[PDB]
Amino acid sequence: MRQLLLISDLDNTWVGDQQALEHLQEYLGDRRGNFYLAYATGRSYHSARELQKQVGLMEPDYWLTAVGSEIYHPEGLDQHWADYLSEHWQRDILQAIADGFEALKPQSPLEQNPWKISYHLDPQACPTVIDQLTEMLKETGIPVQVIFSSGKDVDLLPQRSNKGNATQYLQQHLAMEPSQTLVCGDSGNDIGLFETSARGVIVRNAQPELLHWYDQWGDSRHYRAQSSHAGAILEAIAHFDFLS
C-alpha cells in the first residue's frame, strides 16, 4: 500500500560511497513510510547484517540474500520461498558437475547453502568455460541458472531464484506494481533485476557484464545513472519521479 518498492544492491550500489549512502538514507528517512525497502545481495544474511553494522545501513523491510536464494521477512526466513526453490533442485548433482571444472574453485563453505553453489573463476582462465559450464548444467534437465559477476564469482542457483525472481515474488507479496518498483545494481548478479519489468537504475561505476547486458537488452525502463553508488539511487528516484 506504499508508493514505492525500493530494491537495491549493496556492494558498489548502496554501499561504496559513504557520503552518498548517508544523504540517500537521510532523504529516505523523512518519508520512511512511503516506500518498502529491500536489499538484494549475493551475501548470506549473516554477512549482510555485518555490512549493515560497518556502513550503518538502514533497516530494510526485506532482505533478499544470497542472490535471492533466501528471503528474510521481518518475522524471519520465508519457508514458502524455500520450498518453492527446493522443488526439482538437485544440488548434489549440479555440484559434482561444477567441481569437475579445473577453472573453478569452490568458494568458502560459508558462501554456500541448499540453493546456492558458488565458485571462483581462475583469473587466468578463459571466461568461455562459463558458457561451457552453463550448457553442461542446463542439459541435465535440472532447472539450474548460472550467475557470473565481477569476472570471477560463479553462482549456481535454481531457475526460480536470483535477484529478479526474488523481486517479482516480493512484488506480488506486497501487491506492488512494476511501475512502482525501482531496482538498483552494478554487476552480473543484478542482471536478473533488470530482466524484471520494474524501473531500474544502473550505477555509473557499474561492472562490465552489466553494461554489456544493458547494450543488448537495455530498454526504456532502464536508466543509466550519471552518478555512482547511492547517488545513482537518488538520481533514479528523481528521474522516474518516485516519491513524487
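Quick note: we count residues from 1 along the sequence shown, nothing fancier. We call the rigid core the largest set of C-alpha positions that still match within 1.5 Å between the two forms.
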Problem set entry | 104-112 against 165-173 - segment lying farther from this form in 8 other deposited structures of this protein (CA RMS, rigid core fit) | 104-112
Seminar exercise, completed: Should one compare 77-85 and 123-131 by root mean square Cα distance from the shown form in 8 other deposited structures of this protein, core superposed, the larger belongs to 123-131
Exercise. Out of 14-22 and 220-228, which stretch has the higher average CA B-factor listed in the record?
Worked result: 220-228
Exercise. Per the PDB record, is the mean Cα temperature factor higher over 184-192 or over 66-74?
Worked result: 66-74
Exercise. Per the PDB entry, which option out of 198, 203, 51, 38 has the greatest Cα B factor?
Worked result: 198
Exercise. Per the entry, which of 108, 145, 132, 140 tops the list for Cα B factor?
Worked result: 108
Exercise. Split the chain's modelled residues into thirds by Cα B-factor; is residue 29 in the lowest, middle or highest one?
Worked result: middle
Exercise. When the modelled residues of the chain are sorted by Cα temperature factor, does residue 121 land in the lowest, middle or highest third?
Worked result: lowest
Problem set entry | Position of residue 58 among the chain's modelled residues by C-alpha B-factor, lowest, middle or highest third | middle
For this session: Using the B-factors in the PDB entry, rank residue 8's C-alpha atom against the chain and give the third, lowest, middle or highest.
Result: lowest
Exercise. What third of its chain, lowest, middle or highest, does the C-alpha temperature factor of residue 81 fall into?
Worked result: highest
